[PDB]
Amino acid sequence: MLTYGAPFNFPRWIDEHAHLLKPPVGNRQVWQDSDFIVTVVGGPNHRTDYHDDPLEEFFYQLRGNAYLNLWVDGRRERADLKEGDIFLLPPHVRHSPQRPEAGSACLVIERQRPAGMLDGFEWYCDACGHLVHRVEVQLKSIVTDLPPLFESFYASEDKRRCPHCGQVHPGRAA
């Protein structure tokens, strides 16, 4: 049986869910309980956290523009996601997506993580570049498992404190 339903028009789905593709929500998963996690992410959203995904991530920037702050080969880099761009990110490449434009929409496709395969979320010092805090997580649900992780970081000056130069990470903003 067609567990995930029949085909449907994508642009229409996006327009009908436009109020969810903006703060405070920002994103929407298309299908529930599937092996492929298919999400549409909108904007605006800026963030400071870097994601360490143990599996690949596919991006297709449908509307608007965005960029990914990355660490590549020990250096900070940027991959620009201009409207119409596609991109495949290898596992473990640290990335922090920035989505400045309202009304933007990006297709992001991931896989469910098997038991034991953990996601990491990291923050780095604006001053010296050292890792400030890393949390690893078994990701079952984005909505429940993720926000409190970000919240405890922002609320603790200890977690935000660089172990190399003592500068305290700004937390939420930058």
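The numbering used is simple: start at 1 and walk along the sequence shown. For clarity, a rigid core is taken as the largest C-alpha set superposing within 1.5 Å between two forms.
- Per-stretch RMS Cα distance to the displayed form in 4 other deposited structures of this protein, following rigid core alignment, is highest for 17-25 when 17-25 and 156-164 are compared.
- When the other structures are laid on the shown form by the rigid core, the stretch among 66-74 and 134-142 with the greater C-alpha deviation in 4 other deposited structures of this protein turns out to be 134-142.
- In this entry, 122-130 has the higher mean Cα B-factor, the comparison being between 122-130 and 52-60.
- The deposited model assigns a higher average Cα B-factor to 137-145 than to the other stretch when 36-44 and 137-145 are compared.
- In the deposited coordinates, the residue among 74, 97, 84, 91 with the greatest CA B-factor is 74.
- Ranked by Cα temperature factor within the chain, residue 171 sits in the highest third according to the deposited record.
- Residue-level temperature factors show residue 115 in the highest third of its chain, judged at the C-alpha atom.
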